[PDB]
Amino acid sequence: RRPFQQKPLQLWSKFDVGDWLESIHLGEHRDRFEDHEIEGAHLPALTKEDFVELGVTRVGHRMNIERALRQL
């Protein structure tokens, strides 16, 4: 169990995003989204060029990240 499972998207600290990323099998991105201090409130406003800057250069990852967003 982890605190992102327990609080709304908009209250996710940068550490919570990192927890959620790993939960969707994208922990490879956890440290670069943490240095950019991406928060939960940030996740639904990320543009494709944001995702590149965050190093999510693979289409497949972008789309997994965004299937998961809607599941929330």
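Residues numbered from 1 in each chain as written, not as in the entry; some residues may be left out. Heavy atoms only, no water. Residues with missing side-chain atoms left out of burial classes, pairs and counts.

This entry, as listed in the PDB, derives from X-ray crystallography and reports a resolution of 2.79 Å.

**Student:** I'd like a description of the packing of aromatic side chains, backed by residues and values.
**Tutor:** Within the structure shown, the criterion is met by two aromatic pairs. With a centroid separation of 5.6 Å and 90° between ring planes, the pair formed by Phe 4 and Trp 12 is classed as edge-to-face. For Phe 4, a relative accessible area of 11% puts it in the buried group. Taking relative accessible area as the criterion, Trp 12 reaches 2% and is therefore assigned buried. When the ring of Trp 12 is compared with that of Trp 20, the centres are 5.8 Å apart and the planes differ by 50°; the resulting orientation is tilted. Here the aromatic residues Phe 4, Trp 12 and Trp 20 are joined through ring pairs into a cluster of three or more. (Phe/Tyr/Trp six-rings, centres within 6.5 Å; stacked < 30°, edge-to-face > 60°. Buried < 20%, exposed > 50% of the residue type's maximum accessible area, 1.4 Å probe, protein only.)

**Student:** Requested: an account of unusual backbone geometry, with residues and values cited.
**Tutor:** Of note in this structure, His 25 is not a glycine but carries a positive phi near 75°. Topologically, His 25 is positioned in the loop between α1 (14–23) and α2 (30–35). A relative accessible area of 70% means that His 25 is categorised as exposed. A positive phi angle, close to 50°, is found at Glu 37, a residue other than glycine. (Helix = DSSP H or I, 4+ residues; strand = E, 2+ residues; numbered from the N terminus.)

**Student:** Would you mind going over the pattern of salt bridges in detail, with residue names and values included?
**Tutor:** Tallied over the full model, the rule gives six salt bridges. Here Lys 7 and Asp 16 are joined by a salt bridge, their closest N and O atoms 3.7 Å apart. For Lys 7, a relative accessible area of 33% gives the class partly exposed. Linked through salt bridges whose partners overlap, the residues forming this network are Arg 2, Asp 19, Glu 22 and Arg 30. (Salt bridge = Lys/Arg side-chain N within 4 Å of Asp/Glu carboxyl O.)

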